[PDB]
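Peer 1: Please read through the structure below; I'll follow up with questions.
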Amino acid sequence: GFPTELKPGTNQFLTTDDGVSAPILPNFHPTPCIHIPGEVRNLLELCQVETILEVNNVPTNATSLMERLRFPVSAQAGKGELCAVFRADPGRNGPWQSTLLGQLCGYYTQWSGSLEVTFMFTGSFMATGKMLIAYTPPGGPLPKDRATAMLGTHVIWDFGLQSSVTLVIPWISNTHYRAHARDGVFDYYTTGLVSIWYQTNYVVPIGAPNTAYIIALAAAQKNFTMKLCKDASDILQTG
Amino acid sequence: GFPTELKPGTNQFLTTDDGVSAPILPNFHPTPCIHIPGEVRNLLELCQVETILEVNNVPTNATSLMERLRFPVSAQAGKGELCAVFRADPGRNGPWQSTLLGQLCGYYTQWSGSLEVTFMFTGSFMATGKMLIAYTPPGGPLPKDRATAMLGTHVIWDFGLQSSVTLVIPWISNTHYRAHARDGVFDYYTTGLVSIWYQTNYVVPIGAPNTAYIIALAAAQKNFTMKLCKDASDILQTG
Amino acid sequence: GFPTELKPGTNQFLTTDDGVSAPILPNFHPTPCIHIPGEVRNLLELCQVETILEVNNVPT
Amino acid sequence: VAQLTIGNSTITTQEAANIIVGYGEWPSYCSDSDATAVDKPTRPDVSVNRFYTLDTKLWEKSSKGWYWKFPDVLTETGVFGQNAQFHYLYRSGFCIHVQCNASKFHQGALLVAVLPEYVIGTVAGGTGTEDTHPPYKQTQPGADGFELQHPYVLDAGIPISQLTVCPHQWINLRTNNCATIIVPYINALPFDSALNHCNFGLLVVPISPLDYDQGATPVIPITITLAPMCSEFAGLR
Amino acid sequence: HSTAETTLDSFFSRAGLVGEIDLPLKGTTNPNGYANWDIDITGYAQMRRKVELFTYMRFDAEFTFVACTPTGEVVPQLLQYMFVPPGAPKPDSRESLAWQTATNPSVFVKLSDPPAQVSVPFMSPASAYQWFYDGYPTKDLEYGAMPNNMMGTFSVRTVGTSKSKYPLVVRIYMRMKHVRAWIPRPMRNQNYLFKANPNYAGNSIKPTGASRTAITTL
Amino acid sequence: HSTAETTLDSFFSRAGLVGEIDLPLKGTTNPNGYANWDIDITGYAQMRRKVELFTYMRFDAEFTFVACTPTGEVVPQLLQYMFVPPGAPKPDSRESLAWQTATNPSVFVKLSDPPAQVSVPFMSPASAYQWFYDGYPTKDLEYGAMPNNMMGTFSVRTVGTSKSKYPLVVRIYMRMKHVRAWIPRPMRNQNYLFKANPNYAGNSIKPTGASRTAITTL
């Protein structure tokens, strides 16, 4: 016959090798692929969808869980008071775990791209005021007050004019390698910071609730990317 | 020599793999294929042939077996009486097992297409009357009487005008999967229903038999198809 | 199938044989090669660089 | 403002907010070269495709959320509940419209979305050791709908904080009252039992609780008017 | 700049272990030197929650078979792996004529011969395997039962009339190839209780993720 | 929309087991460490009724040989599978010079070497193997005997002068390739009594299929 020399690797079964194998049913014509609505092709499609960010990820009591979904603002907050705060950490625990984006991030090891958090004022329509939502880039420390936050990337939101406002988080990268406990994890360190202050107090006329809630939705821009699949989960199929 | 790497699957003997093997007799010139009449190429050719439907599949006594082949109609049946009834179930037991179509269906797991049942009045030529042959689509319950059957797909057959009449069964599909006993069988549920009523009584003049028989033949249209071979049989080669 | 005859050398692992082997991570897109200054290609580049000759290689 | 009419059904609505066409596809019909070219599937135009306005559910501070199953919500109602039962196969689309009638002094937010194959998983006995299958009143709640009990997991062990991944639209009281959606037939099959299978389910949950000072009407009438689009049937019984 | 890693096919390939068969000599476990494994892709723990991201999928699956003794040792034993497509009948005994039915593909391989490997197609009669079903197949114990998702059964056994001389362990891996998916839906945040339904533990309802003290302390 | 599964070649491929040879050490069964198996395609139960759908057929057949010990174990034994075309003489003893006749193809393979596999052609001198014959070869015991349907004989044996050291079992599978068929006829509805004739049991004459009570009760 024809001359050969088997090279090392012969007979190995690589869980990742993606060659072809013999068909079990050679004659079988599998029922045709028809048209189904909403076909997903690449997962990054889903990363660009907005999902509620549980910023108020504090109540854990079983029937208050519907509250992590929206934080509130009220008349009782003096001008300059810190309303809320969280980091630009899609992967790591906390608020981002509720967002779909965060959830996908868990099947990947590295990633980077611009994020986008949109806020929604769902209070009475008769309410007005202003909020100062500031972003303190990675490394920068949470501004001491509303004034110092007013000197860095910020946005005065008059929920009196527009019911919605969207903020773009320029960049976040989870690529710096950490070999802490004994388990080497690829962590941020790029914990950007989003602070929210009462620029003015909550002004509402008589007859309107003195407390409104705000919902914060999040998604990743189109410049987003992920690398290295890493199947991981606390919820697996039970016996 | 030339570099290789044997991949998993090497040395396996698949009963279905259809590769080529070395000829035992390399010089041998097998005697030429001459022309023989009636060559069959695809089995569906045979599914379109009419075969007697044992609608009257009730007599089992050894020498009455020639009766399952034809049911009868007589003077004694009042207008509206139910003459006969069966389902559009080529695979499953009963009347269809006698048809060649039914018999082939047993070597296949899934299938679907339009059927066609033709009736033949073989009574005296001096007889007349009318029959109402109605089809109650899958799901629809057997009509209570001749009147309610008269409201759904039906055909008044005057065996006084035409000796033959053909009915088309629009569609039947044996694809819904059932895991009952412990043996997972692909069954209909599309049991269409063919009912036959005496629209009028059997009118015959003096000198003519007061009983005629009818033969029902069946075949599948051209839109028929079968999938997944499943060799199965009660009759196998004996020791 | 197709006829073969394995020739001597089959199954040997030569530390110098430079064939190809199956990729462990087939989907993985390794981070891009950017431009870094002073790239060395052949070692003889370095042999043409002047380095101090310890002629007075006596004091220890 | 301006009123639209489809037959004998005349609803009064706003000019044209932003509609949501689920998955960008329009409830179209099914062409001739399908699986049943023999039993021509008759396409109900006349009254079958008109405006059905359901028993307005009342919003409260304590409301958990509501959900209806499709086509279950109508297989009960009218001349479409006539075809849905006495017909063997079905394929349809839906112009769903949800409205709130509340003053500029009530506040709230409703997320309105559509979820295919919405399979209700019950609580399972509590501790988790009872394989209880939801009743038939929870699996197909008619046109009265049904109240989620565990809105956070959508009574199916899934975070609602992610439901926006389905066709949805918001009903913030301070910005809008009406919310509209167009749903295309969706299933792994061209046709299917309109009784044994609820292709999807309409979900409308209060994400920002309804609130108001004392004196203002305590409830917000949520009116759900909906109508079939390029709906098709086949095989009478 | 590239985004190929996040594609469905990428996300899903890789052979994952979805099944393990024990054929001990002395045992309560598979006493007849044979076994039946209706093909379940939930065998790979991780898998259940991953696929349940969508409502409809479609794919082919390349299976690879790894067999040895418990110490992970190799032996001179022959084996018959048989595939009984859905609809066909599974062997009830170590001598059921089902072992001989030609329409039940079978691949014979010696334990020494590297892993046997075969591709199985998109069986389902429906246009897609669908993970959720809001109905009943024509309060009922048949809710959410999408039937037409059967991939088949894999019958494993030592070859021969007599019991095999050794204790054996077959492992079934499965690479999913040519994956297409539709209708995406909320990631399971609650623990799984049963293979069939989304039934969760109404007592132990947990927040999707970690919590903190105040919405002002990071 | 496709109909390729219902083609003759499709319907008939697949290697089916048509033969099994026992070569025990201690036995009444094949005491001389050798065996002769005139090629019969009725060995696969199912097969007899399938082919008898037609009157004339034609085909080639790829045979694959699976050999081991009863426990389904593999051993270091060599084997000689020999094919004695029709007309040639079968070996009468474990040393019949028929084993050496070059015109009797023989393939030698070690038990360890994967299954041996060979294609045999359309032997028959007639233009087609024909299942039924309404006559006698030039009340007689030679009715329905279509002679020119001989495919050959397969002589199996351990190689060597002396008896083999192990108990052996050869299995012969057979894939039918390039199948052409003519003249279709009524599916056998009555149980088979003999290999040669359609003789049925005149006492136990059964209705083609299940029965019911009335032609009005379903």
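A short reminder: the numbers here are calculations on the coordinates, not readings from a lab. Because the Cβ atoms are built from the backbone with ideal geometry, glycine has one as well, and the counts that use them run over all protein chains shown.
Peer 1: Kindly indicate whether any position in region D:96-114 is of a type outside the set (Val, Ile, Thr), under 24 Å from E:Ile183 (Cα atoms) and within 14 Å of chain E (Cβ to nearest Cβ).
Peer 2: Let us first name the residues in region D:96-114 that are of a type outside the set (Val, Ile, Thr), namely D:97, D:99-111, D:113.
Checking the rest, the ones that are also under 24 Å from E:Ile183 (Cα atoms) come to D:97, D:110-111, D:113.
Next, only the ones that are within 14 Å of chain E (Cβ to nearest Cβ) stay: D:111, D:113.
Within region D:96-114, one or more residues are of a type outside the set (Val, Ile, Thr), under 24 Å from E:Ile183 (Cα atoms) and within 14 Å of chain E (Cβ to nearest Cβ).
Peer 1: F:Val74 versus (1) surrounded by fewer than 18 Cβ atoms within 10 Å (Cβ to Cβ); (2) on the phi < 0 side of the Ramachandran plot: which is the lone unmet condition?
Peer 2: (1)
Peer 1: Does E:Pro147 meet the test of being over 21 Å from B:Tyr188 (Cα atoms) and either in contact with a helix residue (DSSP H, G or I) (Cβ under 7 Å, 6 or more places away or on another chain) or not hydrophobic (A, V, I, L, M, F, W, C) (or both)?
Peer 2: On the way: over 21 Å from B:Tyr188 (Cα atoms): no; either in contact with a helix residue (DSSP H, G or I) (Cβ under 7 Å, 6 or more places away or on another chain) or not hydrophobic (A, V, I, L, M, F, W, C) (or both): yes.
Against the criterion (over 21 Å from B:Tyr188 (Cα atoms) and either in contact with a helix residue (DSSP H, G or I) (Cβ under 7 Å, 6 or more places away or on another chain) or not hydrophobic (A, V, I, L, M, F, W, C) (or both)), E:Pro147 does not qualify.
Peer 1: Would you point out the residue of region D:205-219, among those that are out of contact with any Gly (no Cβ under 7 Å at 6 or more places or on another chain) and buried (at least 22 other Cβ atoms within 10 Å of the Cβ), that is farthest from D:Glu147 (Cα to Cα)?
Peer 2: D:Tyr212
Quick grid of which residues meet (1) surrounded by 13 or more Cβ atoms within 10 Å (Cβ to Cβ); (2) under 19 Å from the mean Cα position of the chain (by Cα); (3) within 30 Å of C:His29 (Cα to Cα):
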site: A:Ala149; (1), (2), (3): yes, no, no
site: A:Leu161; (1), (2), (3): no, no, no
site: A:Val165; (1), (2), (3): yes, yes, no
site: A:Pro209; (1), (2), (3): yes, no, no
site: A:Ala219; (1), (2), (3): yes, yes, yes
site: A:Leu236; (1), (2), (3): yes, no, yes
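Peer 1: Taking region A:41-70 as the search range and keeping residues that are more than 18 Å from the chain's Cα centre (by Cα) and more than 10 Å from chain D (Cβ to nearest Cβ), which one is nearest to E:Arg180 (Cα to Cα)?
Peer 2: Per the criteria, the residue is A:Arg41.
Peer 1: Within region D:170-193, count every residue that is among the polar types (S, T, N, Q) and buried (at least 21 other Cβ atoms within 10 Å of the Cβ). So that I can check it myself, show each step before the final result.
Peer 2: Start the filter on region D:170-193 by keeping residues that are among the polar types (S, T, N, Q), which leaves D:172, D:175-177, D:180, D:187, D:193.
With buried (at least 21 other Cβ atoms within 10 Å of the Cβ) added as a condition, the list becomes D:172, D:180, D:187.
Qualifying residue count, region D:170-193: 3.
Peer 1: Here is a follow-up. Is it the case that some residue within region F:131-150 is out of contact with any strand residue (DSSP E or B) (no Cβ under 8 Å at 6 or more places or on another chain), surrounded by fewer than 14 Cβ atoms within 10 Å (Cβ to Cβ), facing chain B (nearest Cβ under 7 Å) and part of a loop (DSSP other than H, G, I, E, B)?
Peer 2: no
Peer 1: Then there's this: Six or more apart or on different chains, Cβ under 8 Å: which pairs go from a residue in region F:86-107 that's under 17 Å from F:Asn30 (Cα atoms) to one that's aliphatic (A, V, I, L, M) and part of a helix (DSSP H, G or I)? Could you list them?
Peer 2: F:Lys90/F:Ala98; F:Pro91/F:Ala98; F:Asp92/F:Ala98
Peer 1: Any residue that is within 24 Å of F:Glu20 (Cα to Cα) and within 7 Å of another protein chain (Cβ to nearest Cβ) - is there at least one of those in region F:96-112? If you could, list the steps in order and put the result at the bottom.
Peer 2: Taking region F:96-112 and keeping what is within 24 Å of F:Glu20 (Cα to Cα), we get F:96, F:98-100, F:104-112.
From what's left, within 7 Å of another protein chain (Cβ to nearest Cβ): F:105.
Checking region F:96-112: at least one residue is within 24 Å of F:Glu20 (Cα to Cα) and within 7 Å of another protein chain (Cβ to nearest Cβ).
Peer 1: Another one. Among the strands (runs of 3 or more DSSP E) contained in region B:166-239, which hold 3 or more residues that are more than 11 Å from chain F (Cβ to nearest Cβ)?
Peer 2: B:176-178, B:185-187, B:211-220
Peer 1: Inspect all residues belonging to region D:222-234 and state whether any of them is surrounded by 19 or more Cβ atoms within 10 Å (Cβ to Cβ), at the interface with another protein chain (Cβ under 7 Å from one of its Cβ atoms) and over 22 Å from E:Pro186 (Cα atoms).
Peer 2: Within region D:222-234, not a single residue is surrounded by 19 or more Cβ atoms within 10 Å (Cβ to Cβ), at the interface with another protein chain (Cβ under 7 Å from one of its Cβ atoms) and over 22 Å from E:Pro186 (Cα atoms).
Peer 1: Filter region C:2-30 for residues that are surrounded by 10 or more Cβ atoms within 10 Å (Cβ to Cβ) and of a type in the set (S, T, N, Q); which is farthest from A:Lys7 (Cα to Cα)?
Peer 2: My answer is C:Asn27.
Peer 1: Out of all the residues in region F:36-52, is one or more more than 12 Å from every other protein chain (Cβ to nearest Cβ) and either part of a loop (DSSP other than H, G, I, E, B) or not aromatic (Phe, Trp, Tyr) (or both)? Show your work before the answer.
Peer 2: Here is the first cut: in region F:36-52, the ones more than 12 Å from every other protein chain (Cβ to nearest Cβ) are F:36-38.
If we keep only those that are either part of a loop (DSSP other than H, G, I, E, B) or not aromatic (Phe, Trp, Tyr) (or both) too, we end up with F:36, F:38.
Yes - at least one qualifying residue is present in region F:36-52.
Peer 1: Okay, moving on. If you take the residues in region A:1-35 that are among the small types (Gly, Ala, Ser) and in contact with a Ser or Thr (Cβ under 8 Å, 6 or more places away or on another chain), which one is farthest from E:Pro115 (Cα to Cα)? Explain how you work it out, then say what you get.
Peer 2: So the first thing to find is which residues in region A:1-35 are among the small types (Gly, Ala, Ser), and the list is A:1, A:9, A:19, A:21-22.
Filter again for in contact with a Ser or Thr (Cβ under 8 Å, 6 or more places away or on another chain), leaving A:1, A:9, A:21-22.
Details: A:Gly1: 26, A:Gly9: 14, A:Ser21: 11, A:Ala22: 13 Å.
By that ranking, first place goes to A:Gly1.
Peer 1: Another one. I'm checking my understanding of the structure. Among residues of region A:114-127 that are assigned to a strand (DSSP E or B) and either surrounded by fewer than 20 Cβ atoms within 10 Å (Cβ to Cβ) or of a type in the set (A, V, I, L, M) (or both), which one is nearest to the other protein chains (Cβ to nearest Cβ)?
Peer 2: Filtering first and then ranking leaves A:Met120.
Peer 1: Assess whether F:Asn104 counts as being outside any strand (DSSP E or B) and crowded, with 18+ Cβ neighbours inside 10 Å.
Peer 2: On the way: outside any strand (DSSP E or B): yes; crowded, with 18+ Cβ neighbours inside 10 Å: yes.
Yes: the conditions hold for F:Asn104.
Peer 1: Select from region F:174-188 the residues that are surrounded by fewer than 17 Cβ atoms within 10 Å (Cβ to Cβ), within 30 Å of B:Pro59 (Cα to Cα) and either facing chain B (nearest Cβ under 8 Å) or touching a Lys or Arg at 6+ places or on another chain (Cβ under 8 Å) (or both) and list them in ascending order.
Peer 2: If we filter region F:174-188 for residues that are surrounded by fewer than 17 Cβ atoms within 10 Å (Cβ to Cβ), which is where we start, we get F:177-178, F:185-186.
Still in the running and within 30 Å of B:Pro59 (Cα to Cα): F:185-186.
Once the filter is applied, which keeps residues that are surrounded by fewer than 17 Cβ atoms within 10 Å (Cβ to Cβ), within 30 Å of B:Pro59 (Cα to Cα) and either facing chain B (nearest Cβ under 8 Å) or touching a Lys or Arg at 6+ places or on another chain (Cβ under 8 Å) (or both), region F:174-188 yields only F:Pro186.
Peer 1: Filter region C:1-40 for residues that are in contact with a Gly (Cβ under 8 Å, 6 or more places away or on another chain) and at the interface with chain A (Cβ under 9 Å from one of its Cβ atoms) and give the result. Steps first, answer last, please.
Peer 2: The first filter runs over region C:1-40 and keeps only residues in contact with a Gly (Cβ under 8 Å, 6 or more places away or on another chain), leaving C:1, C:3-7, C:9-10, C:21-22.
Scanning region C:1-40 gives C:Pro3, C:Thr4, C:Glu5, C:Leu6, C:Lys7, C:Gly9, C:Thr10, C:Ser21, C:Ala22.
Peer 1: Separate question: Quick check on D:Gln138: is it in a loop (DSSP other than H, G, I, E, B), within 13 Å of chain E (Cβ to nearest Cβ) and surrounded by fewer than 19 Cβ atoms within 10 Å (Cβ to Cβ)?
Peer 2: Details: in a loop (DSSP other than H, G, I, E, B): no; within 13 Å of chain E (Cβ to nearest Cβ): yes; surrounded by fewer than 19 Cβ atoms within 10 Å (Cβ to Cβ): yes.
No.
For every residue, the table says whether it meets (1) buried (at least 23 other Cβ atoms within 10 Å of the Cβ); (2) of a type in the set (S, T, N, Q); (3) over 23 Å from B:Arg146 (Cβ atoms).
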| residue | (1), (2), (3) |
| --- | --- |
| B:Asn57 | yes, yes, yes |
| B:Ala62 | no, no, yes |
| B:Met66 | no, no, yes |
| B:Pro72 | no, no, no |
| B:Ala77 | no, no, no |
| B:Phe86 | yes, no, no |
| B:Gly94 | no, no, yes |
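Peer 1: Considering each of E:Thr55, E:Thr6 in turn, give the residue that is in contact with a helix residue (DSSP H, G or I) (Cβ under 7 Å, 6 or more places away or on another chain) and crowded, with 17+ Cβ neighbours inside 10 Å. Walk me through it before giving the result.
Peer 2: On the way: E:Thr55 fails: in contact with a helix residue (DSSP H, G or I) (Cβ under 7 Å, 6 or more places away or on another chain).
The match here is E:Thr6.
Peer 1: How many of the residues making up region E:53-93 are of a type outside the set (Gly, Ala, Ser), closer than 19 Å to B:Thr15 by Cβ and more than 11 Å from chain F (Cβ to nearest Cβ)?
Peer 2: 13
Peer 1: Cβ contacts < 6 Å: first residue at positive phi and within 14 Å of chain A (Cβ to nearest Cβ), restricted to region E:9-35; second residue in a helix (DSSP H, G or I) and crowded, with 18+ Cβ neighbours inside 10 Å, any location; separation 6+ or different chain. Result?
Peer 2: So the pair list comes out empty.
Peer 1: Then there's this: Is it true that E:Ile205 is within 11 Å of chain A (Cβ to nearest Cβ), among the hydrophobic types (A, V, I, L, M, F, W, C) and buried (at least 18 other Cβ atoms within 10 Å of the Cβ)? Outline the logic, then answer.
Peer 2: Values: within 11 Å of chain A (Cβ to nearest Cβ): yes; among the hydrophobic types (A, V, I, L, M, F, W, C): yes; buried (at least 18 other Cβ atoms within 10 Å of the Cβ): yes.
Spelling it out, E:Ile205 is indeed within 11 Å of chain A (Cβ to nearest Cβ), among the hydrophobic types (A, V, I, L, M, F, W, C) and buried (at least 18 other Cβ atoms within 10 Å of the Cβ).
Peer 1: Looking at region F:1-35, which of the residues that are part of a helix (DSSP H, G or I) and among the aromatic types (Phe, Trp, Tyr) is farthest from the chain's Cα centre (by Cα)? Explain how you work it out, then say what you get.
Peer 2: Going through region F:1-35, the residues part of a helix (DSSP H, G or I) turn out to be F:8-12.
Adding the requirement that they be among the aromatic types (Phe, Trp, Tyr) leaves F:11-12.
Values: F:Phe11: 18, F:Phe12: 14 Å.
That would be F:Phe11.
Peer 1: Now a separate question. Restricting attention to region C:20-35, report how many residues are more than 19 Å from A:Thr16 (Cβ to Cβ) and under 19 Å from the mean Cα position of the chain (by Cα). Walk me through it before giving the result.
Peer 2: Taking region C:20-35 and keeping what is more than 19 Å from A:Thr16 (Cβ to Cβ), we get C:31-35.
Remaining after also requiring under 19 Å from the mean Cα position of the chain (by Cα): C:33.
Adding up the residues that qualify gives 1.
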